[PDB]
Amino acid sequence: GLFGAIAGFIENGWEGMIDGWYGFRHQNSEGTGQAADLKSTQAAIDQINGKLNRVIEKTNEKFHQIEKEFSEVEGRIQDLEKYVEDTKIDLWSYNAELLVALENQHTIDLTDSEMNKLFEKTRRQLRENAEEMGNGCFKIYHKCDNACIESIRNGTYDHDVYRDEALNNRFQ
Amino acid sequence: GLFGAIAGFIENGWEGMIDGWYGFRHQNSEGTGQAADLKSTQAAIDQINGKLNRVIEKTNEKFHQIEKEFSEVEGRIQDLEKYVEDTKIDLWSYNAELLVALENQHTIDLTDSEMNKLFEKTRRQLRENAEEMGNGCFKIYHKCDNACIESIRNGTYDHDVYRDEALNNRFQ
Amino acid sequence: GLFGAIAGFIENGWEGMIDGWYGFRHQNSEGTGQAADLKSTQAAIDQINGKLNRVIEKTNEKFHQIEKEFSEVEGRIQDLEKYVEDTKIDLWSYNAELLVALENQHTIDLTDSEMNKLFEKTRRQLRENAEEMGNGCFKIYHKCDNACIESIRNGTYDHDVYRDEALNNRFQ
Amino acid sequence: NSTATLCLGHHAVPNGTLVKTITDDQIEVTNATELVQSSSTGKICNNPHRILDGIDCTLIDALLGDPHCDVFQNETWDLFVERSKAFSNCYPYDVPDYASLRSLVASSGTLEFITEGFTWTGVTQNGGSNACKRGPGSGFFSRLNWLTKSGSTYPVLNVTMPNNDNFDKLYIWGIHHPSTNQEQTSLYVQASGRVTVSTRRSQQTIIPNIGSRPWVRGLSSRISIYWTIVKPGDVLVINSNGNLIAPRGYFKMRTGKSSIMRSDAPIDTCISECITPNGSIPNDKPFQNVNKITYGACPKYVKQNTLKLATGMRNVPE
Amino acid sequence: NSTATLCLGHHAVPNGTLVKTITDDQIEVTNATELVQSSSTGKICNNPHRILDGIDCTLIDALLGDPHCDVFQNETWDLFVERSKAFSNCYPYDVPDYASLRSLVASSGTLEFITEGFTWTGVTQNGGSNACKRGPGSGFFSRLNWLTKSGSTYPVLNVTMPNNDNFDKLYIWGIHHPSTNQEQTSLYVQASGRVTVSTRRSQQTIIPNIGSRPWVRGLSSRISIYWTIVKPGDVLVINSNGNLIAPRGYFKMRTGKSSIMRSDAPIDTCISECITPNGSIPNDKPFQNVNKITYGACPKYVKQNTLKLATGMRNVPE
Amino acid sequence: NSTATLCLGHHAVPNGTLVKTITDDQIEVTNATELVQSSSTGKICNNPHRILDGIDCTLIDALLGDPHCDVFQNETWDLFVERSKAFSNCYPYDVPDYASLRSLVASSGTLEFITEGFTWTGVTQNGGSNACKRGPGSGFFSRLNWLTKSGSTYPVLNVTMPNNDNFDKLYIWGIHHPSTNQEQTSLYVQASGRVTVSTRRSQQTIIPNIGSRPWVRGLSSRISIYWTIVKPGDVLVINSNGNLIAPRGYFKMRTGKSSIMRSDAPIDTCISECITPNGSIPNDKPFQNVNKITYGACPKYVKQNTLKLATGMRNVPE
Ligand SMILES: *[C@@H]1O[C@H](CO)[C@@H](O[C@@H]2O[C@H](CO)[C@@H](O[C@@H]3O[C@H](CO[C@H]4O[C@H](CO)[C@@H](O)[C@H](O)[C@@H]4O)[C@@H](O)[C@H](O[C@H]4O[C@H](CO)[C@@H](O)[C@H](O)[C@@H]4O)[C@@H]3O)[C@H](O)[C@H]2NC(C)=O)[C@H](O)[C@H]1NC(C)=O
Ligand SMILES: *[C@@H]1O[C@H](CO)[C@@H](O[C@@H]2O[C@H](CO)[C@@H](O[C@@H]3O[C@H](CO[C@H]4O[C@H](CO)[C@@H](O)[C@H](O)[C@@H]4O)[C@@H](O)[C@H](O[C@H]4O[C@H](CO)[C@@H](O)[C@H](O)[C@@H]4O)[C@@H]3O)[C@H](O)[C@H]2NC(C)=O)[C@H](O)[C@H]1NC(C)=O
Ligand SMILES: *[C@@H]1O[C@H](CO)[C@@H](O[C@@H]2O[C@H](CO)[C@@H](O[C@@H]3O[C@H](CO[C@H]4O[C@H](CO)[C@@H](O)[C@H](O)[C@@H]4O)[C@@H](O)[C@H](O[C@H]4O[C@H](CO)[C@@H](O)[C@H](O)[C@@H]4O)[C@@H]3O)[C@H](O)[C@H]2NC(C)=O)[C@H](O)[C@H]1NC(C)=O
Ligand SMILES: *[C@@H]1O[C@H](CO)[C@@H](O[C@@H]2O[C@H](CO)[C@@H](O)[C@H](O)[C@H]2NC(C)=O)[C@H](O)[C@H]1NC(C)=O
Ligand SMILES: *[C@@H]1O[C@H](CO)[C@@H](O[C@@H]2O[C@H](CO)[C@@H](O)[C@H](O)[C@H]2NC(C)=O)[C@H](O)[C@H]1NC(C)=O
Ligand SMILES: *[C@@H]1O[C@H](CO)[C@@H](O[C@@H]2O[C@H](CO)[C@@H](O)[C@H](O)[C@H]2NC(C)=O)[C@H](O)[C@H]1NC(C)=O
Ligand SMILES: *[C@@H]1O[C@H](CO)[C@@H](O[C@@H]2O[C@H](CO)[C@@H](O)[C@H](O)[C@H]2NC(C)=O)[C@H](O)[C@H]1NC(C)=O
Ligand SMILES: *[C@@H]1O[C@H](CO)[C@@H](O[C@@H]2O[C@H](CO)[C@@H](O)[C@H](O)[C@H]2NC(C)=O)[C@H](O)[C@H]1NC(C)=O
Ligand SMILES: *[C@@H]1O[C@H](CO)[C@@H](O[C@@H]2O[C@H](CO)[C@@H](O)[C@H](O)[C@H]2NC(C)=O)[C@H](O)[C@H]1NC(C)=O
Ligand SMILES: *[C@@H]1O[C@H](CO)[C@@H](O)[C@H](O)[C@H]1NC(C)=O
Ligand SMILES: *[C@@H]1O[C@H](CO)[C@@H](O)[C@H](O)[C@H]1NC(C)=O
Ligand SMILES: *[C@@H]1O[C@H](CO)[C@@H](O)[C@H](O)[C@H]1NC(C)=O
Ligand SMILES: *[C@@H]1O[C@H](CO)[C@@H](O)[C@H](O)[C@H]1NC(C)=O
Ligand SMILES: *[C@@H]1O[C@H](CO)[C@@H](O)[C@H](O)[C@H]1NC(C)=O
Ligand SMILES: *[C@@H]1O[C@H](CO)[C@@H](O)[C@H](O)[C@H]1NC(C)=O
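Chains as they are written, first to last, in the numbering used here: chain A, 3 to 174; chain B, 3 to 174; chain C, 3 to 174; chain D, 95 to 412; chain E, 95 to 412; chain F, 95 to 412.
Right under this line is the structure:
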């Protein structure tokens with residue numbers, strides 16, 4: 003939520019998206035369509051999996067310890083044992099809480115950053131043939147086919163072929 | 003300080019601002035003015051209050067404990083008690099320090115991010131009738147009234163009505 | 003890696019850069035060149051040094067403690083001492099790990115943010131006389147000398163002198 | 095003019111506050127709040143906890159029945175406050191494992207004493223001393239019974255007491271260490287004493303140590319204090335042939351929230367949930383730097399004297 | 095139309111999951127995973143650990159050789175499980191520092207007993223009791239030797255035992271506390287007993303305490319149990335003149351991974367690496383909220399009952 | 095050409111360094127620094143701390159006055175170093191609660207001994223032994239006094255000592271356990287001994303245990319060592335009728351920074367503020383993985399063997 007992409011200038015999500023996490027949706031002169039982008043989804047999935055499998059691997063193995071349940075009242079030694087146990091439990095619960103609280107924030111912020119990165123890349127591709135409409139979509143001022151949007155999707159859009167037509171369409 | 007909005011491309015603050023945390027200040031053809039924006043201020047205040055009231059709620063309640071001040075020198079038990087107390091104090095002071103150190107950084111970064119979000123929204127509203135002057139202000143290339151700036155402030159600016167005039171003013 | 007500047011839209015690094023961390027490299031009508039920018043490098047160095055010298059200052063000074071190595075088997079007191087020591091070691095190793103894991107991420111993200119800040123400042127300077135080519139370079143549509151690039155480097159570029167020539171060059 | 099301008103910005107204050115960050119150590123923000131409570135009021139509020147003021151008596155003397163602590167019979171406390179001006183004015187005594195008994199009785203929270211009918215046949219009961227005057231005449235502890243020889247003999251005492259209730263019973267007894275070898279045989283005809291107290295799972299046997307001690311209030315003899323705990327379904331047996339300070343009953347043992355604290359602060363009628371030896375401290379902040387001894391819902395003791403948390407943006411004045 | 099459009103967006107799910115963050119306390123994401131294991135299966139798997147089920151016997155009774163624990167001779171355990179239905183059916187005894195011996199033998203992991211040839215001349219061996227019937231006749235513990243007078247005298251026993259091996263030896267002995275002063279002189283002609291057990295660096299001397307105790311299984315006498323550890327190169331000397339429960343050999347002392355646990359859960363043939371007094375729990379999660387007593391590679395005990403970690407983006411539905 | 099170009103970028107290095115992050119486990123940066131100190135020099139520097147090398151003596155033998163530790167009289171230490179080649183060459187002795195006395199004297203930091211004039215009338219002073227030769231003749235500890243019968247009798251010793259100074263006094267005394275019942279009555283005419291040492295608030299009574307022990311340096315008798323602490327305004331009384339190892343004075347008790355450490359590392363003339371049983375280690379890093387026993391301003395012991403902190407940006411080479 004630091005970049006303002008998810009829950010920011012993109013109003014809602016797409017519940018019909020089942021291929022990946024991030025994707026496109028175009029409205030053309032031949033109809034409508036929809037697709038996904040594998041790279042951003044893969045980056046997010048790899049980062050989240052790395053984090054998850056980072057935290058959950060084990061570190062402790064204890065065999066013999068002290069007594070923690072007593073049937074009598076004795077004195078100093080029992081008091082010290084109970085104090086030690088209470089201190090250990092209270093000091094580990096705080097770590098358990100803080101780790102989750104920090105990692106959830108970092109996960110949310112990185113999954114928000116990936117969307118902004120994809121948006122900025124798509125903006126940088128359409129050099130001066132498109133205008134940002136403010137709600138997550140680009141208005142492309144020249145006429146594409148279903149093969150023009152796919153060149154924008156797999157990163158080989160050639161902007162200089164449609165430059166003169168777009169400039170005469172948008173500025174006059 | 004990660005986005006470069008506060009203490010970045012905005013030189014100083016406005017000490018005459020007493021309504022909210024973020025606001026506007028326009029220079030028109032009929033005079034000058036000033037106002038505030040409630041939404042960004044409200045988001046920042048809600049986040050900071052949530053964080054604050056998150057950390058300060060209580061968790062401990064202790065009634066009987068061990069002895070921590072002695073009048074004699076005895077031996078092993080007293081040494082172990084003093085060691086336990088020293089370890090507990092040293093382990094809690096580190097947490098006290100680290101929590102504050104992390105949360106202050108996060109607060110500063112989020113209060114910096116809100117300004118950048120407001121700026122980017124205002125830039126996205128003025129589609130091609132404005133130019134960014136580099137110091138936090140927009141130069142609007144058509145002529146507004148005191149009712150044109152207020153349409154930009156409450157999020158209902160219609161860019162296509164002044165498009166032809168602005169394009170002829172800025173590009174020729 | 004949250005802003006997508008380093009290892010993002012900038013393909014690789016410059017191993018011939020030995021003056022600073024961030025710098026420029028221009029291709030002109032009189033030849034090529036290279037230089038550095040002191041301010042971004044200084045900001046990054048100051049932040050990283052502050053962090054480093056923040057963590058490494060000392061806090062502990064212990065003179066008398068408990069016994070931690072025994073030659074016999076005794077019973078309850080020895081068990082409690084070994085438990086205390088094991089708990090202390092296990093609780094300090096986790097902090098040692100988490101501090102480094104958090105600070106490395108923050109260092110990487112801030113050193114990535116400085117590059118994006120420099121790029122955005124350079125973009126804001128060249129108001130409408132330049133176009134972003136998508137790989138980290140700007141195409142400047144008027145003709146500069148070795149003294150025009152240096153005005154862009156020390157922050158005194160005057161965009162309005164070359165505006166008409168650039169607008170006639172890029173749009174027609 | 096045929097143009098306009100629209101500038102954006104944030105607020106600033108003339109004096110801001112310096113806070114610490116991950117990068118910087120002193121950065122100026124518009125506002126900050128304090129997180130470490132470092133002051134105390136100086137008094138101990140008596141609400142909503144039940145505080146008992148041990149003016150001139152300790153816990154053990156109020157347990158045994160010192161004649162100047164007879165106002166502390168069946169005192170029920172939630173926190174016992176022990177003053178430093180306390181002293182003893184009865185028979186000089188001694189407790190092996192004093193801290194254990196003090197912490198056992200402090201955390202129980204009651205001095206409720208049920209008297210029981212023991213049958214000691216062949217001895218003289220209600221022994222007295224001139225170092226423990228209760229009124230104008232000689233006296234002794236009010237919870238103990240000093241038995242001596244009856245005429246010319248001291249038989250082997252052997253008594254029993256079963257526990258048919260559903261709670262634990264605490265018995266307090268003792269042994270008398272004389273000063274010379276002449277006063278031993280003039281109080282207990284046997285030249286050596288021995289006290290055995292046994293349950294179905296434990297046993298304690300003590301033997302008196304004749305010798306001289308420093309004079310304390312006019313005496314060079316001593317008393318050693320021991321205790322026994324009888325659980326429901328158990329039984330207690332006492333065997334002896336001299337040097338026995340018999341009990342008169344049992345204390346009821348409870349479990350709950352109770353403790354003890356050494357402090358010389360007065361007591362007022364305010365309301366607070368945390369109590370330190372310096373007085374009551376508020377608990378609105380998570381940390382505190384007053385005392386590491388605390389009772390109630392108290393903040394944690396840290397070593398830092400100030401920690402400020404930022405609740406505003408950065409301060410960049412004109 | 096001579097234009098086009100290209101919109102970007104992300105996915106959402108109808109029901110998401112609420113998680114906690116640094117700022118918010120309840121924020122809805124598309125997916126989350128649980129981090130705290132809070133349930134148990136109810137049984138204790140016997141793989142890959144070696145579990146020993148102490149059905150009706152404790153560890154100390156299986157050490158001494160109770161007649162109803164004779165199936166536990168040379169038991170080798172990796173984790174001893176103690177039930178609450180355990181009881182004793184032999185001579186009533188007592189152990190000073192019981193927890194120390196219990197933890198010393200629990201962490202050793204063996205009950206291997208090597209018998210040694212002691213020479214007791216002048217006394218009668220293999221004493222018996224009618225409270226410890228082993229079969230149809232009287233009996234005693236199987237690892238101890240009750241010596242009494244031989245005809246009309248009881249000489250001063252003085253025996254030695256060297257340690258020439260390369261491991262430590264654990265000797266278990268005891269002392270007999272009689273009931274009256276008549277049965278003392280009818281078993282040991284001396285009117286007072288004493289037992290000294292000494293190595294080159296330590297010594298223990300115990301003296302019997304004559305007295306009456308509560309009746310337990312028909313007896314009012316007692317036995318106190320002590321132990322000695324002989325290191326390689328040392329020597330053991332036993333001196334006595336009455337009231338000696340001699341040993342018959344030594345236990346071998348080892349060091350490794352072994353412990354003891356009180357639990358009333360049955361044992362099955364599954365596979366698990368963690369064991370709690372509630373049964374075996376899986377260890378796929380880093381934290382657990384079942385029991386703070388654990389054996390093996392177990393997660394840590396926390397006080398929270400649920401902690402969810404987000405593994406997806408934020409959920410913004412239509 | 096009528097245009098220009100201006101590219102921006104950052105630096106890279108050919109070999110960078112792998113560090114761990116919140117997301118990745120191995121990410122390559124341009125530079126990193128080490129945070130865990132994991133090596134030692136091997137020697138113990140004697141600056142600015144005051145190190146005392148206990149070559150062939152322990153602390154207790156240097157306290158009592160062993161004849162081969164007479165160079166350690168009034169040694170003032172800041173850290174006592176105990177070697178493993180240490181041994182005893184005097185009368186065989188024994189200390190109940192050895193660790194308590196060792197830690198009490200180790201943390202005091204002085205062996206300063208003030209001799210006092212006790213008056214023992216009716217006994218013979220300066221007893222000797224052939225197991226503790228100081229020179230060519232028999233000897234004993236230099237801080238203790240072995241009293242035996244004077245001609246044909248051994249009266250009841252009863253002595254007093256007041257404390258009028260403003261510091262605490264430490265008295266070390268002992269009791270003699272003989273070997274047979276014939277050597278008891280040939281040194282102390284009474285058939286049973288007893289030693290009582292009392293202050294105004296405590297008392298200790300010990301009785302000798304006659305018996306045989308393993309032969310150590312030619313003797314089967316023993317000595318048990320006890321200690322007493324007298325606070326300002328108190329008084330000490332010693333009562334006895336046999337088996338007393340009297341004191342000759344008191345040690346001065348201080349409070350400060352002092353300790354003890356077992357190590358077999360040599361001592362050099364370098365400068366270091368931290369000392370581990372492996373030698374001195376620098377303290378420029380916050381963490382260390384050498385030893386968990388440390389003296390001075392030492393880094394904390396962690397279980398990880400390496401932890402690298404990034405001090406540069408990410409490394410993206412050509
Ligand atoms: C073994 O050794 C110990 C120690 O040496 C002996 O104990 C001392 O015993 C005598 C008894 O004769 C004690 O004496 C008395 O002290 C009382 C308290 O006084 C002290 O404080 C006041 C000021 O408050 C001083 O003025 C005074 O000098 C003392 O220092 C006095 O009040 C006593 O006077 C009373 O009683 C006796 C007898 O009842 C009368 O004759 C006197 O006239 C007077 O009325 C008395 O002086 C002394 O305090 C003990 N010392 C300690 C350190 O305890 C043992 O007696 C000895 N045992 C044997 C068997 O020999
Ligand atoms: C010092 O004081 C103690 C305590 O008062 C005395 O100890 C008691 O000693 C008597 C022995 O005479 C014990 O009596 C016996 O109890 C056995 C167990 O029974 C209990 O439980 C059953 C139910 O299970 C009840 O019905 C019964 O009443 C008891 O409460 C009985 O089985 C015994 O009967 C057997 O033995 C005696 C003698 O062998 C026979 O005469 C009887 O007919 C019967 O066969 C007997 O009743 C009593 O339990 C002890 N009490 C405690 C608390 O331990 C000491 O004796 C005393 N010492 C001296 C020297 O006086
Ligand atoms: C109760 O039981 C104990 C244990 O059985 C008896 O103690 C033993 O007592 C004898 C005394 O007679 C001790 O014997 C002596 O050992 C000395 C040390 O030697 C050991 O080590 C050397 C090698 O260094 C070996 O060669 C040697 O065999 C020993 O194993 C010897 O130096 C002694 O020789 C000297 O003294 C005696 C008497 O002074 C002379 O007659 C000899 O000629 C020689 O000069 C002697 O052999 C034995 O060590 C003790 N054992 C233990 C384990 O302590 C008690 O005596 C017994 N008590 C009663 C009352 O019976
Ligand atoms: C990227 O997408 C474009 C979509 O346009 C692919 O290109 C077309 O490729 C087919 C196959 O030969 C041709 O018939 C079309 O004429 C192409 N159209 C255009 C506009 O180029 C292209 O192959 C894709 N490249 C990769 C690497 O996936
Ligand atoms: C948002 O601000 C605009 C400011 O222009 C408000 O609009 C004007 O509304 C008044 C009231 O009827 C009219 O007389 C003006 O002609 C309007 N001017 C323009 C330029 O539209 C508008 O009402 C505000 N809307 C909200 C929801 O606050
Ligand atoms: C910033 O860089 C510019 C580079 O152009 C410097 O300017 C030139 O200054 C020299 C010195 O007098 C003149 O001869 C040139 O004509 C200038 N050229 C232009 C295009 O202005 C300028 O001095 C630098 N300023 C600072 C503060 O470093
Ligand atoms: C609360 O009371 C404690 C104990 O009386 C105070 O601690 C002492 O403070 C003085 C002055 O700094 C030191 O000389 C003592 O050594 C301290 N005693 C200790 C630490 O046991 C403490 O300062 C009081 N706090 C407040 C806020 O009044
Ligand atoms: C595991 O077993 C322990 C002990 O039997 C259970 O703890 C007890 O829970 C009950 C019911 O909540 C309480 O009344 C007791 O006071 C608890 N005893 C303690 C805490 O010592 C525990 O609930 C069991 N856990 C599971 C998951 O079955
Ligand atoms: C410092 O000294 C300690 C103790 O001598 C060393 O610890 C031992 O290391 C060996 C070899 O790894 C192990 O076999 C022992 O079990 C260790 N003893 C322990 C842990 O008590 C330690 O390795 C030394 N460190 C350095 C850096 O020299
Ligand atoms: C600073 O914050 C506190 C509460 O956190 C508030 O009471 C105070 O008014 C704030 N300061 C200003 C100047 O608003
Ligand atoms: C204390 O309480 C018990 C039980 O209620 C009662 O028998 C006893 O008399 C009370 N004590 C006093 C001082 O009356
Ligand atoms: C949520 O994540 C878990 C693993 O973390 C996965 O098994 C599950 O399929 C995910 N949920 C959805 C709806 O994909
Ligand atoms: C236990 O092991 C020892 C040594 O192997 C052996 O001597 C002894 O006989 C074994 N016990 C039984 C019950 O046979
Ligand atoms: C890496 O950092 C260290 C100090 O942190 C410095 O001494 C070293 O020169 C740096 N490496 C390079 C290549 O500059
Ligand atoms: C030790 O110091 C004390 C007090 O200064 C002194 O009386 C004594 O003689 C010193 N010891 C030696 C060995 O002289």
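We treat Cβ as the ideally placed atom computed from N, Cα and C, and that holds for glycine.
Just the Cα atoms here: how many angstroms apart are residue i and residue j?
i	j	result
residue 294 of chain F	residue 308 of chain D	6 Å
Any beta carbon from chain C within less than 8 Å of residue i's own beta carbon?
i	result
residue 75 of chain B	no
residue 53 of chain A	no
Is residue i close to chain D? Criterion is C-beta to C-beta, closer than 8 Å.
i	result
residue 125 of chain C	no
With residue i and residue j assumed to form a contact (beta carbons below 8 Å), what rounded beta-carbon distance in angstroms separates them?
i	j	result
residue 374 of chain E	residue 139 of chain E	5 Å
I want to see whether chain B comes within less than 8 Å of residue i, judged by CB atoms only; does it?
i	result
residue 352 of chain F	no
Please compile the residues from chain E whose C-beta is within a distance smaller than 7 Å of the C-beta of residue i.
i	result
residue 259 of chain F	In chain order: nothing, as chain E lies at least about 37 Å away.
Near-chain G residues of the region 107-128 of chain E - C-beta to any C-beta below 7 Å: Absent from the structure: chain G. Protein chains present are A, B, C, D, E and F.
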